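In what follows, one protein chain appears twice in different forms, each by itself as structure tokens: structure 1 and structure 2.
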Structure 1
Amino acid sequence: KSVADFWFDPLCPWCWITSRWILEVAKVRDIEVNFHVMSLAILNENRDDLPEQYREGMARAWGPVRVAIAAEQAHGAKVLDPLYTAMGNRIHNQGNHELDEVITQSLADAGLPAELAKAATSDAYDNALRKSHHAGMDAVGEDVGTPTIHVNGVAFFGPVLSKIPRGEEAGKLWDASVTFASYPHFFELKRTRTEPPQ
């Protein structure tokens, strides 16, 4: 039985696409899906030259990931899936970037206690967040970016997807990913003549 371990920050549009893909895969393949939290804010800590404006666009970027960690600590890893879905629908599908509102709405949607929102503005969960992030994102390259998935235990950057594959198409892309994971002496495949629009 194949296993997808996926690290996400609700803010990340790449994570959003790749996680929606994995959920499509799960509809047409027998796989175990484990979500884990990582943090774009932590990625950004490790970059001394980040421009002021980009820092400003991330002013309160710890809130959603703190709440996700706190939810997992309180209720188990199982609640990450639906909490992430509720948050990401609002952030990515509705374009809502008032994160305080996204957090309270998403907890209610997911059926989780409202008090979890208080995690967003406390450092109590940061040690756990850092450890979760490092487990997922530690890589040997200076690329260090999202999306990162482990396929049957094999850590990858990508698949970098700019649209969510659906149904059996999603399944076939999973099958291909598993085949590459199964061959230890494969390292990289990348399109050269086109790139994702951002």
Structure 2
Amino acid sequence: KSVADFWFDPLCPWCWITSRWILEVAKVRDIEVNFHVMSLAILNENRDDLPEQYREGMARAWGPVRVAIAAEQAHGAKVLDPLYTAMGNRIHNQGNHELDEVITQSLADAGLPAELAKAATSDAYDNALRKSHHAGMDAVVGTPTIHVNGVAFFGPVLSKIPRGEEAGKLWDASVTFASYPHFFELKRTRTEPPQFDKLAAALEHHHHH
């Protein structure tokens, strides 16, 4: 069947929305979904891209992606879906940028060993991380990046998560564009920020009471 390969950094709000879209697509279309890790920190490693004043901030971004790579190595790519969902729910839906806590709680959420958190304070996963990152990002700029049946695109840039059959129609459309080698761009000007679907998280908080 058709295949979506999707590269994510847990910190990226655009990856978050587009990945939730893919997951919606897989509920209404028969597709294979493979997640792969990429790194905003790698995109921002050079001072010509991110001034030194910000590096103390961006250095925190290595932790979650190192942990994701470590999790995938030990437990298989199958764990990336639940681990990413957990990290993204805390980062985007709950607004948590305390990434030590996000890592610890997300590993727990995904039923994984707590020891994986130690990957954040290691470079042992960085070669694997860089290989994964470049496989996704080189082929097309920034996030979000998807391959639709082996064809790499930047986007779709979505500011809200499409659901159900609407999500499925957007996938059908993407597959058509991917199937035409002489199509390169469809774009309109964006002036609105990402909007997350925070209702479930709010209901979860309420029901824990």
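Just so we're on the same page, rigid core means the largest C-alpha set that superposes within 1.5 Å between forms. Numbers follow structure 1, counted from its first residue as 1.
Visitor: Can you tell me which of these residues, 166, 172, 130, 55, is the one whose C-alpha shifts by at least 2 angstroms between structure 1 and structure 2 after a rigid core fit?
Guide: Among the listed residues, the outlier is 55.
Visitor: With the two forms matched on the core, what distance in Å separates the two CA positions of residue 45 between structure 1 and structure 2?
Guide: Taking the core as reference, the C-alpha of residue 45 is shifted 1.4 Å.
Visitor: Where the core is superposed, what shift in Å does the CA of residue 193 undergo between structure 1 and structure 2?
Guide: So the C-alpha of this residue moves 7.6 Å.
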